[PDB]
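Here is how the chains run, residue by residue.
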Amino acid sequence: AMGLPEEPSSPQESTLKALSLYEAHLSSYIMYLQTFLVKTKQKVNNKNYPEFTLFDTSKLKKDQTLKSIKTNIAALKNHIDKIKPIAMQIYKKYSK
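Residues numbered from 1 in each chain as written, not as in the entry; some residues may be left out. Heavy atoms only, no water. Residues with missing side-chain atoms left out of burial classes, pairs and counts.

- The deposited coordinates derive from X-ray crystallography, with the record listing a resolution of 1.9000 Å.

This is how it looks when you write it as structure tokens:
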């Protein structure tokens, strides 16, 4: 792999298993980006380092219903919209 991984693609199919797997990839992609941001702060720690929020897993529904899975997917996508642009800028700044 070169560079940051790409955001997981939405499934064509809205089956419980397509959406459950999509939810798992999105959670995993967030933890990749957050880890990358935390590790890169540690190495280059000038006060300028941009601020980010860590994902609050208490916003995730713990039941396994196609409705609560769809709601989790929305919450993870909203979080990615916050941190992806920051992760991509920190990657470029420090791969310079």
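## Side note on the environment of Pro5
Phase 1: Along the chain, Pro5 turns up in the segment before α1 (16-43).
Phase 2: For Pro5, a relative accessible area of 32% gives the class partly exposed.
Phase 3: With 24 residues separating them in the primary sequence, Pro5 and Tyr29 have C-alpha atoms 7.9 Å apart.
Phase 4: Apart from residues lying up to four places away in sequence, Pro5 is in contact with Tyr29 and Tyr32. (Helix = DSSP H or I, 4+ residues; strand = E, 2+ residues; numbered from the N terminus. Buried < 20%, exposed > 50% of the residue type's maximum accessible area, 1.4 Å probe, protein only. Contact = heavy atoms within 4.5 Å.)

## What to know about the pattern of salt bridges
Phase 1: This structure, assessed with the given rule, holds 1 salt bridge.
Phase 2: For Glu7, the salt bridge identified is with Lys84, shortest N-O distance 3.0 Å. Taken together, the residues span a long stretch of sequence, with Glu7 in the segment before α1 and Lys84 in helix α2 (residues 66-94) at a distance of 77 residues.
Phase 3: With a relative accessible area of 27%, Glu7 lands in the partly exposed category.
Phase 4: Residue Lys84 is classed as partly exposed on the basis of its relative accessible area of 25%. (Salt bridge = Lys/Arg side-chain N within 4 Å of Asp/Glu carboxyl O.)

## Considering the side chain of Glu23
Phase 1: Structurally, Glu23 can be placed in helix α1.
Phase 2: Comment: no salt bridge for buried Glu23; closest opposite-charge side chain is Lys62, at 6.9 Å.
Phase 3: In this structure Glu23 touches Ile69, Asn72, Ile73 and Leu76, once residues within four positions along its chain are discounted. (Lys, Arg positive; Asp, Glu negative; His and termini not counted.)

## Some thoughts on the packing of aromatic side chains
Phase 1: Summed over all chains, the structure comprises 2 aromatic pairs.
Phase 2: Judged by centre distance (6.2 Å) and plane angle (45 degrees), the ring pair of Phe36 and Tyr91 falls under tilted. Of this pair, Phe36 sits in helix α1 while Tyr91 sits in helix α2, and the two are 55 residues apart along the sequence.
Phase 3: Looking at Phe36, the relative accessible area reads 22%, which means it is partly exposed.
Phase 4: Residue class for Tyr91 comes out partly exposed when judged on its relative accessible area of 32%.
Phase 5: On the basis of an interplanar angle of 15 degrees and a centroid distance of 6.4 Å, the ring pair of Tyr49 and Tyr94 is categorised as stacked. Pair noted here: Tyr49 is in the loop between α1 and α2 and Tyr94 is in helix α2, with a separation of 45 residues, a long-range link.
Phase 6: Since its relative accessible area comes to 5%, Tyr49 is described here as buried. (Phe/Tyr/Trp six-rings, centres within 6.5 Å; stacked < 30°, edge-to-face > 60°.)

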